[PDB]
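*Asks:* take this sequence and fold it.
(4 chains)
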Amino acid sequence: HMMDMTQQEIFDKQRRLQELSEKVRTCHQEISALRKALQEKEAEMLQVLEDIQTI
Amino acid sequence: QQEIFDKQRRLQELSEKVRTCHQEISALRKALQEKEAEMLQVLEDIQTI
Amino acid sequence: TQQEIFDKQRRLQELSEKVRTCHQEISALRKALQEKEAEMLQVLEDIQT
Amino acid sequence: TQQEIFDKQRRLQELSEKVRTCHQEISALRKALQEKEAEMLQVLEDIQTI
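*Replies:* Numbers count the residues shown, from 1 in each chain, chains lettered A, B, ... in the order given. Here you go, the structure:
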């Protein structure tokens, strides 16, 4: 609210670092969850494929 | 042979299941690709600050 | 019976073997992709903190 | 604090490169996974096909 040019830059580093970290977390849980759902789906598909071989 | 036709029918059903699984995989994979693009964008964006 | 029945069955065994090939290759690539994803997610864990 | 704002910034650059490396590879490996699922699907089409 009364920052000078120097104080504003320090503020920006802290702030923009903070935002980036928050979005990276969001991205992390979402990628992690999708990765898992794909993993499960691939396993299911591969099992069906085993049954096709087994026939 | 009717035998060879019958097992092929069973094989049709299994293939259908495989195809369904794959359409889900393909859609989930696309969503994951969008998420990774978005994240890589957050990381490049970070730099240059 | 038919020579055709036989030939059809040669096609079907070989085709099934192509399925085995496909399954091993898909499964192994799937595991490689999973491990690499897990790795990248650890790096993201580092960035968050 | 400014010493930590420094340590943070460079670690961020290094980890970011490692992530970018990781996705360049994953993206390609996924390309391979895809064509190969394509190949198996075609095979199944052939089994069905007789």
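*Asks:* any idea how many residues pack against residue A:30?
*Replies:* 17 (other CB atoms under 10 Å in any protein chain shown). To be clear about C-beta, it is placed using only N, CA and C from the backbone, and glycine gets the same treatment.
*Asks:* ok, now which ones touch it?
*Replies:* residue B:35 (CB atoms under 8 Å, 6 or more residues apart in numbering or on different chains).
*Asks:* against residue D:23, how distant is it?
*Replies:* From residue A:30 across to residue D:23, the span is 15 Å (CB to CB, to the nearest Å).
*Asks:* do the same with residue A:8
*Replies:* Going from residue A:8 to residue D:23 by CB to CB gives 33 Å.
*Asks:* same check on residue A:1?
*Replies:* Note on residue A:1: its distance to residue D:23, by CB to CB, is 40 Å.
*Asks:* likewise for residue A:22?
*Replies:* Per CB to CB, residue A:22 is found 20 Å from residue D:23.
*Asks:* for chain A, what lies in contact range of chain D?
*Replies:* Proximity of chain A to chain D, by CB under 8 Å from any CB of the partner chain, involves residues A:10, A:13, A:14, A:17, A:20, A:49, A:52.
*Asks:* just the buried subset of the residues you listed, please.
*Replies:* Buried members of these, counted by 16 or more other CB atoms under 10 Å in any protein chain shown: A:17, A:20, A:49, A:52.
*Asks:* dump the residues you listed to TSV, plus secondary structure.
*Replies:* As requested, these are exported to TSV (DSSP: H, G, I helix; E, B strand; the rest coil):
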residue	secondary structure
A:17	helix
A:20	helix
A:49	helix
A:52	helix
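*Asks:* TSV for those, including distance to chain C?
*Replies:* Converted to TSV, those look like this (distance: CB to the nearest CB, whole Å):
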residue	distance to chain C
A:17	10
A:20	8
A:49	5
A:52	6
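*Asks:* near chain B, which of these show up?
*Replies:* Within these, those near chain B by CB under 8 Å from any CB are A:17, A:20, A:49, A:52.
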